[PDB]
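A quick write-up on the structure given underneath.
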Amino acid sequence: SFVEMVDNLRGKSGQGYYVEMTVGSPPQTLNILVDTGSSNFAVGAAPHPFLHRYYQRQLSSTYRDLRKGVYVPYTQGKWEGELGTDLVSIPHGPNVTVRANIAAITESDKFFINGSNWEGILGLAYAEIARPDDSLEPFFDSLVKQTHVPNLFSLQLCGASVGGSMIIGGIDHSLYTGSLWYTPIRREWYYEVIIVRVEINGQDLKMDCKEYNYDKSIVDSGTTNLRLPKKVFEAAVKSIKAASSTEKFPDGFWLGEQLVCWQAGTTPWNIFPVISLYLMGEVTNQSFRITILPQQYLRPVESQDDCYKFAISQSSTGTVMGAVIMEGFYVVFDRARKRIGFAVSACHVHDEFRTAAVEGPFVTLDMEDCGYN
Ligand SMILES: CO[C@H](C[C@H](O)[C@H](COc1cc(F)cc(F)c1)NC(=O)c1cc(C(=O)N[C@H](C)c2ccccc2)cc(N(C)S(C)(=O)=O)c1)C(=O)N[C@H](C(=O)NCc1ccccc1)C(C)C
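Sequence positions in the sequence shown follow the entry's author numbering and run 46 to 205, 217 to 358, 363 to 433.
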């Protein structure tokens, strides 16, 4: 039942959304970071200063050694470990147990986060970007093949410590308002999408739409920020800076290195612009937009001051639509129909005079020119 899966995600602010899972026989309970930017299911399997628990392969009767090493690099960090298979279930997911590939993490560099409360990672993207190669079947592929769970999952990330829902095998209509707007998954590797237009406070950024997707645009639950290609990032900061030029910020703030603080409850939300990302739609020459509020990209960092970090950052590997984007929305990863749905979520962040919105339809000619090759 879908109700059993509502509120199945937890986390600390700025530290990651995790789901509870069990590995092995008898079941070993671990908290697992939900990550749509990768395809490897991996858990801590050796003592680590940031870990309070880990996977103990010697305690599992259903553990099978695959006799093969693996390393997975990410933008922020990396780990290496030993491949194996074991029985896996999700307590607040579908009522099933599957045999899935698990990477037992033996060492890592800047991977685990101190106090984050998660001990592993669930890579939900496709086999193509799985390590060591595409022959290592991702967890969700194993779930769908072994059970009758439909080939779809949705993520409701609630920011505003942190919580939300991962509905596995379907769409829970009580978790969003309005209608769902779908953008094609361009290629089945990352959850790749095409951004066709960008507006800041209703003003078109007016760049060649290829720049927005240079060299790719992905939807990623494992990344905190809205990450933008160099040229786009610089055009965005220039606009946000112009709009908030009334107030005083160190320029290291715009790089995410320093915080800005305000007397508690006096945050000048009005001076920071809304950002609209127009995504390719389902029919010819059609797009739709998703609008984010400053409350999404100015993230509260925990005195009676309200202090924030600028959570729009630069990237040299394309646009990353991280938690900044996803937190406003109920996001449907419709793998069966090769599309990603966006709707305003029931736990959307509140501005007094503005709203996070999913709106359409829009006309956009030559949308296929926006994809980078
Ligand atoms: C495409 O981007 C993905 C990024 C992933 O989603 C990974 C998966 O998650 C983690 C989380 C960690 F704490 C550490 C870590 F090492 C990974 N995410 C990140 O690398 C990442 C996590 C975070 C981050 O703080 N994540 C925490 C858990 C979070 C998530 C959601 C909400 C709040 C907190 C931040 C960033 N940024 C750079 S930032 C500051 O936002 O701009 C990046 C990726 O790197 N995928 C891999 C990849 O492309 N590797 C190629 C590569 C990249 C870099 C270097 C060499 C090779 C493959 C496995 C598919």
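Even for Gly, the Cβ is constructed at its ideal location relative to N, Cα and C.
- Between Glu164 and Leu96, the gap from beta carbon to beta carbon is short of 8 Å.
- Between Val133 and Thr67, the C-beta gap is smaller than 8 Å, which places the two residues in contact.
- Residue range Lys286 to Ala299 is occupied by the alpha helix (DSSP H) that includes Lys287, with no beta strand (DSSP E) assigned at that position.
- In the same chain as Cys407, and ignoring 5 residues on each side of it, the C-beta atoms closer than 6 Å to its own belong to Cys203, in chain order.
- In this structure, ligand 1 has a non-hydrogen atom nearer than 7 Å to the beta-carbon of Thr120.
- Residue pairing of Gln351 in beta bridges, as defined by DSSP: absent, with no partner found.
- Ranked by Cα distance from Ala396, the first of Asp52, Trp124, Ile227 and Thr142 is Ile227.
- The criterion of a C-beta distance shorter than 8 Å is not satisfied by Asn281 and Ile158.
- Relative to the non-hydrogen atoms of ligand 1, the Cβ of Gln60 comes within a distance shorter than 7 Å of at least one.
- With a threshold of 16 other beta carbon atoms within 10 Å, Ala383 meets it and is buried.
- Our two residues, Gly59 and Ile77, have alpha carbons roughly 15 Å apart in a direct line.
- If you compare the alpha carbons of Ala417, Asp429 and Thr377 with that of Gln121, the shortest gap goes to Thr377.
- Judged by DSSP secondary structure, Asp186 falls within the alpha helix (DSSP H) whose first and last residues are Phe184 to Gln191.
- Nearest to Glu152 by alpha-carbon distance, out of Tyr99, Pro195 and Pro177, is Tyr99.
- For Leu54, the closest of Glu65, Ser199, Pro71 and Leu75 by C-alpha to C-alpha distance is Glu65.
- Where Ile385 is concerned, the enclosing alpha helix (DSSP H) starts and stops at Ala383 to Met386.
- Annotation: the continuous beta strand (DSSP E) that includes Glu152 extends over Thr142 to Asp154.
- Judged by DSSP secondary structure, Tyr63 falls within the beta strand (DSSP E) whose first and last residues are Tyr63 to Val68.
- For a cut-off of 8 Å, the C-beta gap from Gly401 to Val409 is around 20 Å, too long to register as a contact.
- The bridge partners DSSP lists for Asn76 are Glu65.
- Looking from the CA of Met263, the closest CA among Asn162, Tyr232, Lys287 and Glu244 belongs to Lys287.
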